[PDB]
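Student: Following this message is one structure expressed as structure tokens.
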Amino acid sequence: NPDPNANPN
Amino acid sequence: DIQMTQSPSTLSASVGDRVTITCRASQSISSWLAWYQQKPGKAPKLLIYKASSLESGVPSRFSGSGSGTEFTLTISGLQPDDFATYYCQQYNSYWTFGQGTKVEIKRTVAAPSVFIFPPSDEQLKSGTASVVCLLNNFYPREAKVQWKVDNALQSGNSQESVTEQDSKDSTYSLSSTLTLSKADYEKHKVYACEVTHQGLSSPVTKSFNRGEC
Amino acid sequence: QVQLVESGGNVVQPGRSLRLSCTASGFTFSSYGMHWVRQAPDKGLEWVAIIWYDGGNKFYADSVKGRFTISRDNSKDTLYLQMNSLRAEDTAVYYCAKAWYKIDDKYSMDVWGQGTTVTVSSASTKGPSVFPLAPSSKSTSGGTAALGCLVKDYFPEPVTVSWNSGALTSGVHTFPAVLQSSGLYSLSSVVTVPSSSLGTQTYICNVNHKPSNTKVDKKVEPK
């Protein structure tokens with residue numbers, strides 16, 4: 001769903 | 001995908017110089033570019049993020065610049081700790097790295113010392129023959145090695161290996177190993193390795209005759 | 001300080017599976033996403049997968065889709081990479097990297113682990129054959145003589161080579177191993193010694209191959 005380069009933390 | 005391409009592949013510089021590594025992107029990545037440093041056997045280390053921001057604990061001699069498709073990593077006043085390989089990485093779409101740029105120690109041109117070793121008698125009993133050509137202590141690294149058996153050029157039966165830069169004299173060494181069966185080795189006489197290098201005014205041929213001590 | 005320790009790298013045959021691990025310490029593991037990145041001379045640095053802090057969202061490189069499965073157990077501070085139906089091109093050093101927290105729109109990775117080595121091959125474990133590289137008129141120059149040993153047909157990496165149990169270091173060049181079409185590795189180690197001492201000095205090459213428990217000493221004499 002989210003952008004792969006978005007915040008994963 | 002987005003492909004990264006660095007330039008040059010290998011850079012020669014001395015302590016105190018200002019070096020420049022260029023990274024180029026296949027499409028516009030805005031400023032989403034990171035720079036990493038890696039030393040042989042060790043993990044990568046983050047140097048620059050978002051094109052120009054310096055990671056904490058990184059010396060001020062590292063500066064980053066660029067935007068869109070072309071980027072540059074500059075190291076002013078090169079220090080001994082900086083001789084390593086530098087990668088660029090885009091993080092605009094997934095994560096893809098460049099091929100890497102190795103910063104090596106620059107020195108005077110040094111022609112290789114070419115030596116050749118016939119196969120031992122112990123190996124021949126195993127039905128195999130390995131002939132070793134040795135290029136010792138040369139600079140720069142680029143060197144061409146060809147094998148000739150009875151003056152016939154060989155193909156697809158040799159392998160090469162090169163050392164890293166020496167810590168004392170900053171030279172390279174290279175070994176070329178020609179592998180033949182015992183049957184093929186005994187039906188030929190002249191085995192030679194022809195070496196082309198910048199430090200040699202002309203190609204050098206080191207040869208031996210089979211059976212001569 | 002952030003600490004990432006990889007584990008699980010081993011020799012695996014093509015078509016088989018292998019699970020890597022990455023135990024972390026020095027930070028709150030459950031608070032960060034994690035990446036897997038592999039390195040090999042044929043591929044350079046290649047990103048593999050990323051997983052969110054909670055283990056939900058995962059992404060993969062195209063070439064590993066359908067074969068690799070990334071997961072995490074936050075109650076153990078461990079990251080996993082399940083690799084299935086491995087291929088020859090999966091041979092590399094595999095790093096786990098912590099996602100960074102430079103607050104912006106796009107994110108990447110800051111701290112990497114030390115890596116773990118995966119070798120995909122069907123070769124059987126084999127100790128090396130050591131052959132002398134004798135000095136002669138074709139290995140000598142003004143006052144110098146080159147000699148060495150040929151360490152051929154072993155698997156897997158690595159092999160350690162010394163001369164006279166480490167007392168001889170000057171002029172020694174041990175080359176990186178090359179992989180032969182047989183699937184076995186091979187390397188040579190040479191040393192430059194004075195010509196005047198050729199008759200009296202003893203030069204012994206020491207080869208150690210722990211995977212096969214092989215220890216060989218070979219005296220290198222002129223022919």
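Identifiers for the structure tokens are assigned positionally: chains receive A, B, ... in sequence, residues are indexed from 1 per chain, and ligands are indexed from 1 in the order shown.
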Residues of chain C no more than 7 Å from chain B, counting only C-alpha atoms: send them over as a VMD selection string.
Tutor: chain C and resid 44 to 47 106 to 108 110 112 to 114 131 to 133 138 to 139 175 to 176 178 223
Student: May I have the residues of chain C within 10 Å of chain A, counting only C-alpha atoms, written as a list in words?
Tutor: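 Putting it all together, I get residues 29, 30, 31, 32, 33, 34, 50, 51, 52, 53, 54, 55, 56, 57, 58, 59, 60, 98, 99, 100, 101, 102, 103, 104, 105, 106, 107 and 108 of chain C.
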Student: Could you check the closest approach to residue B:26 for each of B:7, B:79, B:12, B:69 and tell me which residue wins, using only C-alpha atoms?
Tutor: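 Among B:7, B:79, B:12, B:69, it is B:69 that comes nearest to residue B:26.
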